[PDB]
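Take a look at the structure set out below.
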């Protein structure tokens, strides 16, 4: 793996353990949360290399995602490749970009603009790009390049990356995750 970055945004709202050299982390929020956390492991600089993972992920009562997650510095953008999620599909609500096919499934692709929200430079306005897997799963390989190349047709900068992680996010409800990045 060569993990060199630990993602912890409000991880203290649940129980987050990890081991960088093994590439594994777990996150338990059995009691529920009513604020946003994002936790995971990855790299201080993103790239388009494939990521392979294996997880147990249980969040059907939760507004949550199991995702490849990271940022582009300029133009400022937050992105997700959502492999499995709970009760909330971010593309229901957002502007549709079409469909991409990759690694065994179609993904719905969409984008949204977030204004004055927490970001890698503090509080700012940025674009989000989402690929949401049509057949959800909790293990496999994400050929990141196929998503980046599609989003790049729609303004994604596709270079000048900040961090990139395999992550679990939840902001409501309860569940449980355990993830290995190989």
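All residue numbers here begin at 1 and follow the chain in the order shown.
Per deposition record, X-ray crystallography, 2.0 Å.
Just so you know, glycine gets a Cβ as well, placed from its N, Cα and C.
Taken from Swiss-Prot, the feature active site, nucleophile applies to 78. According to DSSP, residue 78 (active site, nucleophile) is assigned to a strand segment. Of all Cβ atoms in the protein chains displayed, 21 besides its own lie within 10 Å of the Cβ of residue 78 (active site, nucleophile).
Around the Cβ of residue 110 (disulfide bond), the number of neighbouring Cβ atoms within 10 Å comes to 21. Under the heading disulfide bond, Swiss-Prot lists 91-110.
For 169, the entry in Swiss-Prot reads active site, proton donor. Using a 10 Å radius centred on the Cβ of residue 169 (active site, proton donor) and all shown protein chains, the other Cβ atoms total 24.
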Conformational class of residue 110 (disulfide bond) under the three-state DSSP mapping: strand
Conformational class of residue 91 (disulfide bond) under the three-state DSSP mapping: helix
Chain-internal residues, separated by at least six, CB under 8 A from residue 91 (disulfide bond): 108, 109, 110, 130, 132
Between residue 169 (active site, proton donor) and residue 78 (active site, nucleophile): CA-CA distance (Å): 13
